[PDB]
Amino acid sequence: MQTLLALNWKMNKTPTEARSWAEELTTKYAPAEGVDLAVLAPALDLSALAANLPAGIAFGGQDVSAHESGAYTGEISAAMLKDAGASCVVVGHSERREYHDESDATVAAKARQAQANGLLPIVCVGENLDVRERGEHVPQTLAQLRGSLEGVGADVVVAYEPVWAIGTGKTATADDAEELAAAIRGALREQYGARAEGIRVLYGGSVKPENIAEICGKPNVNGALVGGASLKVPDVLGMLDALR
């Protein structure tokens, strides 16, 4: 299992800033065996990343259309991402489920578009504070996972991001991460059988250089989906160190 350090810039960096960032990462990047990096950027930054990122650092999108092509003004397809050199894409991020009303079935459809076009979808699931306060975070997140992976093949990454951990500074405990990661792997076995052992399950939500080692060190956590700490190369370099 390759540990995966996925870097979600969200809506940050112009193409000019993406090029400088990737130039800076290039000067400072030393591969860690066992660890893949992926930079998930705004779609118009992908050209800069393809030109300026180091060899083995993958890059990808933050969303993708549910449709193959057509009269969907403002949407960007899996064929387009792929052609730009993307190898992965985030689907069903909490910010899109909330702000853009993406349903589980929409997420499944988006993941299926990714897979039809040679992209690795990173499928996000996770509960809100109210669900967590009820103690129902596992069964709700697994229900959300079944919906979101309906028709989705085994070439997928699952990212558990509790919504109360996103942008709040309230990182999940490593124990809480492993709780969901373990339950997620059980569900993946039901759906995918033996392939489940190879499916990467990430943790995301206020991940930082100082907490990432302990979270990813747990048995069923295979890496991280990183928000704010992805924006500065030194932070990236620290997180990478923690996973070496």
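A residue's number is simply how far along the shown sequence it sits, counting from 1.
In this entry, the higher average B-factor at the C-alpha atoms falls on 168-176, of the pair 168-176 and 68-76. Considering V201, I57, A183, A43 together, the PDB entry gives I57 the largest C-alpha B factor.
Per-chain ranking of the deposited C-alpha B factor places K10 in the middle third. When the CA B factors of the chain's modelled residues are split into thirds, the value for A194 lands in the highest one. In the deposited entry, the Cα temperature factor of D83 places it in the middle third of its chain's modelled residues. Annotation for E133: C-alpha temperature factor in the middle third relative to the rest of the modelled chain, per the entry. When the modelled residues of the chain are ordered by C-alpha B-factor, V39 sits in the lowest third.
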